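Presented below is the structure to which this report refers.
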Amino acid sequence: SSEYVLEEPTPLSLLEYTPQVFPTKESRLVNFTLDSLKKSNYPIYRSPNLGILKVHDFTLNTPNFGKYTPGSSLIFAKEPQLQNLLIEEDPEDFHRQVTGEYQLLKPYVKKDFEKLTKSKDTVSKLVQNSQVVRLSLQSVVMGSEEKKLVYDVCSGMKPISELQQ
Amino acid sequence: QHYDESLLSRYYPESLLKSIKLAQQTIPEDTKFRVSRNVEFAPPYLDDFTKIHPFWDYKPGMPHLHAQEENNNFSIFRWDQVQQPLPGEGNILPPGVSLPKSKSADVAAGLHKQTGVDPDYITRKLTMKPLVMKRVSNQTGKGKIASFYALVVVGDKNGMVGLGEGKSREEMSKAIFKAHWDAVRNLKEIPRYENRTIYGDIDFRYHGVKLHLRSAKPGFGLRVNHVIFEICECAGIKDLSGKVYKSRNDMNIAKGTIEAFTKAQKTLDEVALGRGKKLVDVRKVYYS
Amino acid sequence: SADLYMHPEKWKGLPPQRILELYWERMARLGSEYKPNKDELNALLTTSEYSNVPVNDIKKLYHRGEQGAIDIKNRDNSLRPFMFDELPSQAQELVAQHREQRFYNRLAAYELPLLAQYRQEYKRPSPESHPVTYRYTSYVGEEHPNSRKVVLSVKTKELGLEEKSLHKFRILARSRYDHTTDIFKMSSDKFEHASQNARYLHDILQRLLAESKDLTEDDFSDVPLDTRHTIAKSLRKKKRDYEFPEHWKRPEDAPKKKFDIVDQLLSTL
Amino acid sequence: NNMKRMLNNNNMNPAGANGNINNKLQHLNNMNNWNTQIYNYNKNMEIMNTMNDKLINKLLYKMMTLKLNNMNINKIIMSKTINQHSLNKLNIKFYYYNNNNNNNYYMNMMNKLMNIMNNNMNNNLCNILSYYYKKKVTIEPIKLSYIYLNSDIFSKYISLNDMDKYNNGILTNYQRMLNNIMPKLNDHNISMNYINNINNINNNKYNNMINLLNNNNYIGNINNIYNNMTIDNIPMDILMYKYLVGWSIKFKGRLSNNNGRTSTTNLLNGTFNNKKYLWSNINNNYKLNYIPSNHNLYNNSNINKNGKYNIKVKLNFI
Amino acid sequence: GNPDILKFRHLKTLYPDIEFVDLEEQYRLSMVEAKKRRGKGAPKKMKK
Amino acid sequence: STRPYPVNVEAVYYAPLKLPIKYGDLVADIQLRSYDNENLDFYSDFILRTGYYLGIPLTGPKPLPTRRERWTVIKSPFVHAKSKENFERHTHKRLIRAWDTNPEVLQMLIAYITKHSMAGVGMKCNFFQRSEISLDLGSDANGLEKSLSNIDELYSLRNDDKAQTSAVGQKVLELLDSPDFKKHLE
Amino acid sequence: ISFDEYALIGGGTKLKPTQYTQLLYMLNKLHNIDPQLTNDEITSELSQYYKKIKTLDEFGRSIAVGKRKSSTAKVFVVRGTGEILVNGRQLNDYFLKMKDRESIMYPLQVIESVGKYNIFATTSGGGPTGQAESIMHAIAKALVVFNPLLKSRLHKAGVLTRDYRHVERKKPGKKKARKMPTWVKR
RNA sequence: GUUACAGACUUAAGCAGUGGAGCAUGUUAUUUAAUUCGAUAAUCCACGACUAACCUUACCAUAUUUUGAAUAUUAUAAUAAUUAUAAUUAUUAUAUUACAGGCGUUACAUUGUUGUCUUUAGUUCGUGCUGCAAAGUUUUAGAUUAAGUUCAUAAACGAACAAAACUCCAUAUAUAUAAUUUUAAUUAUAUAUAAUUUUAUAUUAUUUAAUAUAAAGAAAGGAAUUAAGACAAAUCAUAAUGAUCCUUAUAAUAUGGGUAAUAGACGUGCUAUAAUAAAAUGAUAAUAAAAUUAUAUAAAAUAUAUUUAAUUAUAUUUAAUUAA
Ligand SMILES: [Mg+2]
Ligand SMILES: [Mg+2]
Ligand SMILES: [Mg+2]
Ligand SMILES: [Mg+2]
Ligand SMILES: [Mg+2]
Ligand SMILES: [Mg+2]
Ligand SMILES: [Mg+2]
Ligand SMILES: [Mg+2]
Ligand SMILES: [Mg+2]
Ligand SMILES: [Mg+2]
Ligand SMILES: [Mg+2]
Ligand SMILES: [Mg+2]
Ligand SMILES: [Mg+2]
Ligand SMILES: [Mg+2]
Ligand SMILES: [Mg+2]
Ligand SMILES: [Mg+2]
Ligand SMILES: [Mg+2]
Ligand SMILES: [Mg+2]
Ligand SMILES: [Mg+2]
Ligand SMILES: [Mg+2]
Ligand SMILES: [Mg+2]
Ligand SMILES: [Mg+2]
Ligand SMILES: [Mg+2]
Ligand SMILES: [Mg+2]
Ligand SMILES: [Mg+2]
């Protein structure tokens, strides 16, 4: 039995709730910023850490949270406050998301193959093989450096031993 | 229906007035407004939603889905009592209902309903005593089906006594309750000389059991079969001698002895009336 | 203010109920990290006249929580008979649904009209200038791997091409170009992000256009349009191409307008 | 004829007369049959979410029992949680039972536990859950004053707390108490009264429509259509399930110290048919297509010295 | 599943104030104690 | 009875209004999936209402066909394989389609929808962007600056009269404003 | 008032059919009193116990949809000289079995109007015989609009009845609908 | 191994089969280092097992692990997060016992669940009444229904669980929605209404009930639900738990083998033994439904088998869509 306190809707209140994939350029930047904040472990989806609780300032977002292979139990690392908090905000990620920049690998030229192997037909075959690999690896999603390493291994520019590390 | 701003302000609060104005601007005057049959967005009663209800809307400080508050702020720090109690009238009682040794009281109450008997008397003055407490069974196609049989003399200790038997497939307490009920339904005024013993030396047959109950001088106690004794204690007989011949089936003793008391006895006054004679008690006349 | 519980020094002049509420808040917020205060105790003592508790007793309770209460002082009342003052589970669920409905009705009434402030008229990009349609998909609550999928789609006649170049473009497209509807579309899922994929698709389109406009020692005038994929697609689907014969129609047999006199009388406007 | 047509177009009301619908106070949402109220497009993710929810339930159950310096062990009974997965946020919710103005000045163990769920600024349980789901979580406890309003709680409580009353055999007093929870409500009468009330409401709305009326199907203003219809009158009468009509509780297993064999022992009260569906427009519906809506069945299996046993409970709710 | 999920161990870490009871663990401990009492406890493990 | 119930209340009580479609430029379509109806239909109705009021000509809940994921199982834990039980799961699908809106309005709508989402309902959005054939991401810094200005214009507090505010959104805006963010590309 | 209606005011569960019949008899006789001689008291006592057309289109043809098994047949029947077109092709080309053609004809054959009505059938789903049956069904319904007096006759013939015969599902333990796997008493 | 009705896929007709043949699969027996364990009359035998190469697996041979998967107790030390070079916490490491673990044994210790009697029509409750009583009545004189379901008559009156009904699928109609390019509007899906059908004329038996006829209707099925009790029916090999036994072994990991062995026997199937029946062919591609496709569905097209090509099978390479 009381009056309805009408808090007015605003674009700012509906920020965060904006679609992660929307055509607009303005929206893309915002989405990127949100992603960067999430990566930093900003209090989104949760109440913030301020200078009130001192001991129990725990977090679950450690370097390998929901993962098995790193041998540990649940690690309650202390969170920073809202002050003294850094944001990652990397350039490569920005390039990927905001603009539509992609690496595409590099096609291996015939000259490089001639450096190692002698015969011409064999070199041409190796080049063809490398080309075949390249398109497949472009199609697949793995990781910038790892994918490149794999591509090199497939070509024969690097040996098999460099994978097993 | 497009109302003026001042009129709206008179009936509606200052927060929603702007929203109302906007709604008026957007929605035209010439509007059809169809009735959505296949889905109902709004409630079945009219309500201007300006007032938040205590029970029928969400509690403001309490957390839930559709909270519309921050993760920190939830004004609800005591969980001992219930958050949203029932609106208007506190109860939800149907039409024609009310809010709320014990077994004996319940029996008495039930008797009062069924047969108009005084409950208070049943509770206090009547005192019961189980005579036989069998477990008994029937061979059904299902299997052997056991049944608890009780046989329970009840009696105000002033010549008012009743036998009763009862039965339950469920445990014996229920059977005993039923036996008690039956006993109180069958209360019976036994006649007795000087409020202590039977009138004459009675000799009565009930089915198998052959009873023999002699009267007794005062002080000479109850000197009879344990079932008879139990019945006498309840029925107010202080002095009695006697002996059971033939069958000594506890139930049949209990049934036979109360029958003998009610039937085989004749009070002196009744005899006198029948014969047309004085029938004095010599001891009483003497003054012991 | 909101940050009031944190400062026990300030609240002595408040009413007793308010003080109690603040105390409860303070206990809640720092549960395990609670540490008693003198000012807070003094406030609690002052409040004591509100709820019938002596001054020593309140202090004792403050010092020792449930243990103190026990020292100051039960039968099991789990199956105590129903006093008709609380709804069951299903009932409570139905009530909750009704609360939700009411909330949504309220939102519709007073927040959606407010939302109409943020309203813009449609600013159409013309089909002549903007023929291509990059459709993006987004799964809201989830993180689907199809959110990266972007689909470009254009009518080939809407592209700025000469007739020879158009044919060459169509030939290059192959399965991507449908001929019944003059539409060429293609989707990319190769890259991690949606924007990347869209950019890649755009680059492909540009490359295709460049190839179409070349014509230097490569015309493709004498390679007919391969329409096998389209006929296969058509076979897979069903067709309702047939229609009612136009010479079978009988307008004379149709039901004529029946004269309604009361309706005519009514219509005075 | 026009007036009749207009009425036909607008003819809708709460179901339960003899143009009507089951309102949100007259039946359960089929979403409230399941416990993880979710749809996700990636089904792997949905599966992962429902696993998480199940794991959280166990954690909550574990939390529910407290200790007080090894003196008192107050076992708060909780229902099975129901997890509401909106696009924005999860909301976990459960019903719970807990067994002079002196306690305004110290926090009870149960109170502390409830505060932990949402109120501890950084430290709260909802915050920690949010890491597993990647969305804001809200745990809402709902207190039940009786043991027998929720079926799960009733069964759970008997399994955990009242061991001594049935371990050797069901004690007589305890059995009596179980039997006489409710006051033997004439369910036929109540259902009939409810139906009559619904009919009266329908008549009232129809009467109002007639009064308004004295090609477009718009009637008068809202105030005049819903003339006598208000929050005070209608909602509580329309509210479907309110009255525990009948209930059955079964104890089963090795609940006999002398005997080696098992013992099925059943307590039955009232009725499990509903007479609101028997003679009216409102129809019965089936939860997971096999449990009559009004019913709610549950069991909970505590281990004894002798071995395993359980306690089925089944309530009717008119 | 997600191996980092809250356990009873952590419910002591997060909320030291509340003296929780893990019921299944307690039961297991009671069973172990009973076994020890009646000469049916586990034999001592070999090391070598 | 001398109580003026304004138009918004009336609209709530009746079926939801729909604005007419000027041109068939399908901007976005929103599919709603759920394992039941009652919530889903309500949610769709709410979406329509918000679309209408500060709105974009939304069409309406076109029911796409329900799925049926069936699964059979032997009832017993061991043998009795002659007795078997079925199980089913119906993915109920409804389609909304927005028809004429400047992207920002559409975004706002979608954001509002996801804010006040219901329990059982999942959602998917297909947005459509009618772009020209030739494009350029070369004249970059100026275009970034323009985008930032547009964002600032969008998220400006007109009158602080206890309006809805978001901390995360404010932070995002602050990040967008910063010199470091401007630097990123070059 | 009905038996059930009478029970609620009268005996309830203890109301018997014979009692109700008696009550009806009592009421009816009272009611039968010549209205001019009737009283106010009698009427007060008795007060307690009281209580779309199909047409041709713009082009003069009757559309009708028939179904059988999985088949659906929308059929345009028109007054022109009796020729057939099933699904955009000749009748003998579509339905190879003469039985199906005979069945299709039958609605026109029960009437003396085969040759009178042009028929343009459009089928979908099911197999050929079921499709033909659905077409026939549709044609009968279409004919019914041209002359409503023949409707009863068509119904008698057995053409206006929608043939319900629906394919039974495979039950779990059974091989087909009814066909169980072999039993073995040994 | 009884009286007389009633019952249905019981029998009788009828249609197709099994049983003979070969193969598949399960079982038995025997074999084997191991052929893992259970199910084994109806109520086991393509059953547990909706796929045994390794895995799964539990079995066997040979190797090698010994606080091991947990929880708690007690100590040393190292790294990382947080704060304003110290400290608080969280973890990890090495140990330290209680133990952990056990598809080991007992469903004749249990749970839950299931099979059969069983969609069979029974099962109880108060209470009342009869009989000394166990018990009976209710729950049936008389009939009828699919039916403890319904009439009547009755010391009975109600009741609960069952039955029926509400439920789901399918059907007919109406309304809503779908800018009729996600179209199939001949549709899909929410919400209703509809029937356990109604009415009347006659002909038999006693106001009704079966047959027939007629006029009114789209009006005709299937699924789920299988009570109480019983069978110490099945399951400790889904899982859990009691008791009991193993703890450098009956616990844990790898490499291979086995579960696929074959005299006879037993079920279930598959393919057959040719002309009321088999094979080639049939591109303005004769006519379906239901369901699956981000641990993917793979179109067109090229190449080889193959002198044309089609067919069928692979390879080459991924067009389209994560889906009316
Ligand atoms: Mg036969
Ligand atoms: Mg043989
Ligand atoms: Mg054979
Ligand atoms: Mg075994
Ligand atoms: Mg075997
Ligand atoms: Mg082993
Ligand atoms: Mg053990
Ligand atoms: Mg085990
Ligand atoms: Mg057994
Ligand atoms: Mg069992
Ligand atoms: Mg007697
Ligand atoms: Mg009988
Ligand atoms: Mg009997
Ligand atoms: Mg039934
Ligand atoms: Mg179409
Ligand atoms: Mg049974
Ligand atoms: Mg056995
Ligand atoms: Mg066995
Ligand atoms: Mg065991
Ligand atoms: Mg071993
Ligand atoms: Mg191995
Ligand atoms: Mg095998
Ligand atoms: Mg079989
Ligand atoms: Mg042949
Ligand atoms: Mg192909």
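As shown in the structure tokens, the chain order sets the letters A, B, ...; within each chain, residues go from 1, and ligands are also counted from 1 in the order they appear.
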Proximity of chain B to chain C: per-residue shortest pair, 7 Å limit, only C-alpha atoms, as a tab-separated table:
residue	atom	partner	partner_atom	distance
B:16	CA	C:110	CA	6.4
B:19	CA	C:114	CA	5.2
B:22	CA	C:113	CA	5.5
B:23	CA	C:113	CA	5.0
B:42	CA	C:105	CA	6.1
B:49	CA	C:106	CA	5.7
B:56	CA	C:99	CA	5.5
B:57	CA	C:99	CA	4.6
B:58	CA	C:99	CA	5.9
B:77	CA	C:24	CA	6.1
B:90	CA	C:85	CA	6.4
B:91	CA	C:85	CA	5.1
B:92	CA	C:84	CA	5.6
B:93	CA	C:84	CA	6.0
B:99	CA	C:83	CA	5.9
> Please, which residues of chain F lie no more than 6 Å from chain A when the count uses only C-alpha atoms, and can they be set out as a ChimeraX atom specification?
Replying inline: /F:111,147,155,163-166,169
>> Around ligand 11, out to 12 Å and counting only C-alpha atoms (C1' of nucleotides) and all ligand atoms, which residues are there? I want them as a PyMOL selection string.
In response: (chain B and resi 151+163-167+179+182-183+186+251-252+254-255) or (chain H and resi 129-133+135)
> Just asking: which residues within chain A are strand (DSSP E) according to DSSP, as a PyMOL selection string?
Replying inline: chain A and resi 2-3+58-59+77-78
Find the residues near ligand 18. Use a cut-off of 12 Å, count only C-alpha atoms (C1' of nucleotides) and all ligand atoms, and write them as a PDB file with N, CA, C and O atoms (P, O5', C5', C4', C3', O3' and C1' of nucleotides), in the first residue's frame.
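Once everything was written out, this is result_1.pdb:
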ATOM      1  N   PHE F  78      16.227 -53.052 -14.738  1.00  0.00           N
ATOM      2  CA  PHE F  78      16.854 -54.306 -15.147  1.00  0.00           C
ATOM      3  C   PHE F  78      15.856 -55.251 -15.835  1.00  0.00           C
ATOM      4  O   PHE F  78      14.895 -55.708 -15.213  1.00  0.00           O
ATOM      5  N   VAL F  79      16.119 -55.545 -17.110  1.00  0.00           N
ATOM      6  CA  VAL F  79      15.287 -56.431 -17.949  1.00  0.00           C
ATOM      7  C   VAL F  79      13.863 -55.841 -18.090  1.00  0.00           C
ATOM      8  O   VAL F  79      13.742 -54.626 -18.266  1.00  0.00           O
TER       9      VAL F  79
ATOM     10  P     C H  37      31.157 -65.174 -15.430  1.00  0.00           P
ATOM     11  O5'   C H  37      30.121 -64.109 -14.855  1.00  0.00           O
ATOM     12  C5'   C H  37      30.389 -63.433 -13.614  1.00  0.00           C
ATOM     13  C4'   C H  37      29.328 -62.399 -13.316  1.00  0.00           C
ATOM     14  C3'   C H  37      27.882 -62.843 -13.448  1.00  0.00           C
ATOM     15  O3'   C H  37      27.449 -63.678 -12.377  1.00  0.00           O
ATOM     16  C1'   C H  37      28.130 -60.715 -14.430  1.00  0.00           C
ATOM     17  P     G H  38      26.361 -64.830 -12.643  1.00  0.00           P
ATOM     18  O5'   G H  38      25.020 -64.004 -12.885  1.00  0.00           O
ATOM     19  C5'   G H  38      24.354 -63.366 -11.780  1.00  0.00           C
ATOM     20  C4'   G H  38      23.459 -62.246 -12.254  1.00  0.00           C
ATOM     21  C3'   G H  38      22.121 -62.652 -12.846  1.00  0.00           C
ATOM     22  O3'   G H  38      21.149 -63.051 -11.882  1.00  0.00           O
ATOM     23  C1'   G H  38      23.098 -61.011 -14.220  1.00  0.00           C
ATOM     24  P     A H  39      20.111 -64.223 -12.234  1.00  0.00           P
ATOM     25  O5'   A H  39      19.269 -63.607 -13.440  1.00  0.00           O
ATOM     26  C5'   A H  39      18.272 -62.589 -13.226  1.00  0.00           C
ATOM     27  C4'   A H  39      17.463 -62.371 -14.484  1.00  0.00           C
ATOM     28  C3'   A H  39      16.703 -63.588 -15.003  1.00  0.00           C
ATOM     29  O3'   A H  39      15.434 -63.705 -14.367  1.00  0.00           O
ATOM     30  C1'   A H  39      17.912 -62.592 -16.780  1.00  0.00           C
ATOM     31  P     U H  40      15.086 -65.001 -13.495  1.00  0.00           P
ATOM     32  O5'   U H  40      15.222 -66.188 -14.548  1.00  0.00           O
ATOM     33  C5'   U H  40      14.281 -66.328 -15.629  1.00  0.00           C
ATOM     34  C4'   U H  40      14.673 -67.482 -16.521  1.00  0.00           C
ATOM     35  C3'   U H  40      14.687 -68.857 -15.859  1.00  0.00           C
ATOM     36  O3'   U H  40      13.465 -69.543 -16.107  1.00  0.00           O
ATOM     37  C1'   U H  40      16.516 -68.534 -17.403  1.00  0.00           C
ATOM     38  P     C H  44       9.379 -62.060 -19.088  1.00  0.00           P
ATOM     39  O5'   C H  44      10.911 -62.453 -18.918  1.00  0.00           O
ATOM     40  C5'   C H  44      11.320 -63.833 -18.866  1.00  0.00           C
ATOM     41  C4'   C H  44      12.773 -63.937 -19.252  1.00  0.00           C
ATOM     42  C3'   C H  44      13.063 -64.017 -20.741  1.00  0.00           C
ATOM     43  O3'   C H  44      13.028 -62.736 -21.365  1.00  0.00           O
ATOM     44  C1'   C H  44      14.313 -65.668 -19.613  1.00  0.00           C
ATOM     45  P     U H 106      25.487 -64.140  -3.901  1.00  0.00           P
ATOM     46  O5'   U H 106      24.532 -63.492  -2.801  1.00  0.00           O
ATOM     47  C5'   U H 106      23.560 -64.283  -2.092  1.00  0.00           C
ATOM     48  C4'   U H 106      23.005 -63.533  -0.900  1.00  0.00           C
ATOM     49  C3'   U H 106      21.829 -62.607  -1.160  1.00  0.00           C
ATOM     50  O3'   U H 106      20.597 -63.307  -1.311  1.00  0.00           O
ATOM     51  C1'   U H 106      23.372 -61.530   0.269  1.00  0.00           C
ATOM     52  P     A H 107      19.713 -63.118  -2.641  1.00  0.00           P
ATOM     53  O5'   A H 107      19.241 -61.597  -2.553  1.00  0.00           O
ATOM     54  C5'   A H 107      18.629 -60.926  -3.681  1.00  0.00           C
ATOM     55  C4'   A H 107      17.422 -60.132  -3.223  1.00  0.00           C
ATOM     56  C3'   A H 107      16.141 -60.277  -4.048  1.00  0.00           C
ATOM     57  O3'   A H 107      14.994 -60.488  -3.228  1.00  0.00           O
ATOM     58  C1'   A H 107      16.761 -57.978  -3.889  1.00  0.00           C
ATOM     59  P     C H 108      14.417 -61.964  -2.987  1.00  0.00           P
ATOM     60  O5'   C H 108      15.162 -62.419  -1.655  1.00  0.00           O
ATOM     61  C5'   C H 108      15.071 -61.633  -0.448  1.00  0.00           C
ATOM     62  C4'   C H 108      15.524 -62.449   0.739  1.00  0.00           C
ATOM     63  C3'   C H 108      16.943 -63.020   0.657  1.00  0.00           C
ATOM     64  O3'   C H 108      17.806 -62.461   1.646  1.00  0.00           O
ATOM     65  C1'   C H 108      15.358 -64.585   1.552  1.00  0.00           C
ATOM     66  P     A H 233      10.585 -63.339  -4.563  1.00  0.00           P
ATOM     67  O5'   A H 233       9.416 -63.852  -5.519  1.00  0.00           O
ATOM     68  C5'   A H 233       9.554 -65.005  -6.379  1.00  0.00           C
ATOM     69  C4'   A H 233       9.575 -64.594  -7.836  1.00  0.00           C
ATOM     70  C3'   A H 233      10.716 -63.672  -8.254  1.00  0.00           C
ATOM     71  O3'   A H 233      11.893 -64.432  -8.515  1.00  0.00           O
ATOM     72  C1'   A H 233       8.675 -62.784  -9.040  1.00  0.00           C
ATOM     73  P     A H 234      13.332 -63.880  -8.073  1.00  0.00           P
ATOM     74  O5'   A H 234      13.564 -62.663  -9.074  1.00  0.00           O
ATOM     75  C5'   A H 234      13.636 -62.894 -10.491  1.00  0.00           C
ATOM     76  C4'   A H 234      13.949 -61.616 -11.233  1.00  0.00           C
ATOM     77  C3'   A H 234      14.994 -60.694 -10.615  1.00  0.00           C
ATOM     78  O3'   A H 234      16.325 -61.170 -10.810  1.00  0.00           O
ATOM     79  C1'   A H 234      13.151 -59.409 -11.311  1.00  0.00           C
ATOM     80  P     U H 235      17.394 -61.110  -9.611  1.00  0.00           P
ATOM     81  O5'   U H 235      17.867 -59.590  -9.626  1.00  0.00           O
ATOM     82  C5'   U H 235      18.665 -59.097 -10.714  1.00  0.00           C
ATOM     83  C4'   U H 235      18.643 -57.587 -10.766  1.00  0.00           C
ATOM     84  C3'   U H 235      19.303 -56.869  -9.603  1.00  0.00           C
ATOM     85  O3'   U H 235      20.716 -56.846  -9.787  1.00  0.00           O
ATOM     86  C1'   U H 235      17.221 -55.844 -10.090  1.00  0.00           C
ATOM     87  P     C H 236      21.690 -57.592  -8.749  1.00  0.00           P
ATOM     88  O5'   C H 236      21.786 -56.560  -7.539  1.00  0.00           O
ATOM     89  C5'   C H 236      21.796 -55.140  -7.782  1.00  0.00           C
ATOM     90  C4'   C H 236      22.699 -54.431  -6.799  1.00  0.00           C
ATOM     91  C3'   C H 236      24.101 -55.017  -6.635  1.00  0.00           C
ATOM     92  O3'   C H 236      25.104 -53.999  -6.649  1.00  0.00           O
ATOM     93  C1'   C H 236      23.006 -54.937  -4.537  1.00  0.00           C
TER      94        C H 236
END
Please, which residues of chain E lie no more than 7 Å from chain C when the count uses only C-alpha atoms, and can they be set out as a PDB file with N, CA and C atoms, in the first residue's frame?
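See out-v4.pdb below for the written result:
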ATOM      1  N   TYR E  15      32.236 -18.229   4.597  1.00  0.00           N
ATOM      2  CA  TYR E  15      31.419 -17.867   5.761  1.00  0.00           C
ATOM      3  C   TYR E  15      31.897 -18.648   7.002  1.00  0.00           C
ATOM      4  N   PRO E  16      32.961 -18.155   7.676  1.00  0.00           N
ATOM      5  CA  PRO E  16      33.422 -18.783   8.929  1.00  0.00           C
ATOM      6  C   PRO E  16      32.428 -18.709  10.095  1.00  0.00           C
ATOM      7  N   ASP E  17      31.614 -17.653  10.121  1.00  0.00           N
ATOM      8  CA  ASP E  17      30.637 -17.413  11.191  1.00  0.00           C
ATOM      9  C   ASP E  17      29.626 -18.552  11.368  1.00  0.00           C
TER      10      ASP E  17
END
> If you count only C-alpha atoms (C1' of nucleotides) and all ligand atoms, which residues end up within 9 Å of ligand 15, as a ChimeraX atom specification?
Replying inline: /C:240 /H:180,183-185,187
How about saving the chosen residues, C-alpha atoms (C1' of nucleotides) kept, as a PDB file, in the first residue's frame?
ATOM      1  CA  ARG C 240       2.115 -25.148 -56.974  1.00  0.00           C
TER       2      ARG C 240
ATOM      3  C1'   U H 180       1.093 -15.413 -48.910  1.00  0.00           C
ATOM      4  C1'   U H 183       4.652 -20.105 -47.571  1.00  0.00           C
ATOM      5  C1'   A H 184       2.917 -25.378 -47.016  1.00  0.00           C
ATOM      6  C1'   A H 185      -2.926 -20.457 -46.243  1.00  0.00           C
ATOM      7  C1'   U H 187      -0.511 -24.630 -44.011  1.00  0.00           C
TER       8        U H 187
END
>> Within 12 Å of chain D, which residues belong to chain A? Use only C-alpha atoms and report them as a count of residues only.
In response: 37
>> Just want the residues within 8 Å of ligand 21, written as a ChimeraX atom specification, counting only C-alpha atoms (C1' of nucleotides) and all ligand atoms.
In response: /H:254-256
Grab the residues selected above and save them as a PDB file, in the first residue's frame with C-alpha atoms (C1' of nucleotides).
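Result file is again38.pdb:
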ATOM      1  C1'   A H 254      49.197 -49.827 -18.994  1.00  0.00           C
ATOM      2  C1'   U H 255      50.098 -53.696 -23.165  1.00  0.00           C
ATOM      3  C1'   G H 256      47.779 -57.762 -25.506  1.00  0.00           C
TER       4        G H 256
END
Sorted by chain and rising residue number, list the residues of chain F at most 12 Å from chain G (counting only C-alpha atoms), each with its closest atom pair and distance in Å to one decimal, as CSV.
residue,atom,partner,partner_atom,distance
F:71,CA,G:172,CA,11.3
F:72,CA,G:172,CA,8.2
F:73,CA,G:172,CA,9.4
F:74,CA,G:172,CA,9.5
F:75,CA,G:172,CA,11.3
F:80,CA,G:173,CA,10.6
F:81,CA,G:173,CA,8.1
F:82,CA,G:173,CA,5.2
F:83,CA,G:173,CA,6.3
F:84,CA,G:172,CA,5.8
F:85,CA,G:172,CA,7.3
F:86,CA,G:172,CA,8.0
F:87,CA,G:172,CA,11.7
>> Can you pull out every residue with an atom within 10 Å of ligand 12? Use only C-alpha atoms (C1' of nucleotides) and all ligand atoms and format it as a list in words.
In response: residues 121, 122, 139, 140 and 148 of chain H
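Picture a line from CA of residue 109 (chain A) to CA of residue 158 (chain A); it runs 15.1 Å.
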> If we count only C-alpha atoms (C1' of nucleotides), what is near residue 179 (chain G) at a cut-off of 12 Å, once residues fewer than 3 positions away on the same chain are taken out, given as a PyMOL selection string?
Replying inline: (chain G and resi 168-176+182-183) or (chain H and resi 9+16-17)
Restrict the selected residues to C-alpha atoms (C1' of nucleotides) and save them as a PDB file, in the first residue's frame.
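This went into again24.pdb:
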ATOM      1  CA  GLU G 168      -2.592 -46.166 -35.822  1.00  0.00           C
ATOM      2  CA  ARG G 169       0.853 -45.481 -34.364  1.00  0.00           C
ATOM      3  CA  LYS G 170       3.434 -48.143 -33.549  1.00  0.00           C
ATOM      4  CA  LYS G 171       3.082 -48.897 -29.822  1.00  0.00           C
ATOM      5  CA  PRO G 172       6.327 -49.673 -27.863  1.00  0.00           C
ATOM      6  CA  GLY G 173       6.371 -53.470 -27.230  1.00  0.00           C
ATOM      7  CA  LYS G 174       4.362 -54.313 -30.360  1.00  0.00           C
ATOM      8  CA  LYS G 175       6.040 -54.582 -33.780  1.00  0.00           C
ATOM      9  CA  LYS G 176       3.378 -52.601 -35.646  1.00  0.00           C
ATOM     10  CA  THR G 182       5.760 -64.010 -30.948  1.00  0.00           C
ATOM     11  CA  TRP G 183       4.734 -65.400 -27.583  1.00  0.00           C
TER      12      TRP G 183
ATOM     13  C1'   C H   9      -7.899 -63.063 -29.844  1.00  0.00           C
ATOM     14  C1'   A H  16       0.031 -64.301 -42.788  1.00  0.00           C
ATOM     15  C1'   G H  17       3.644 -66.969 -40.326  1.00  0.00           C
TER      16        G H  17
END
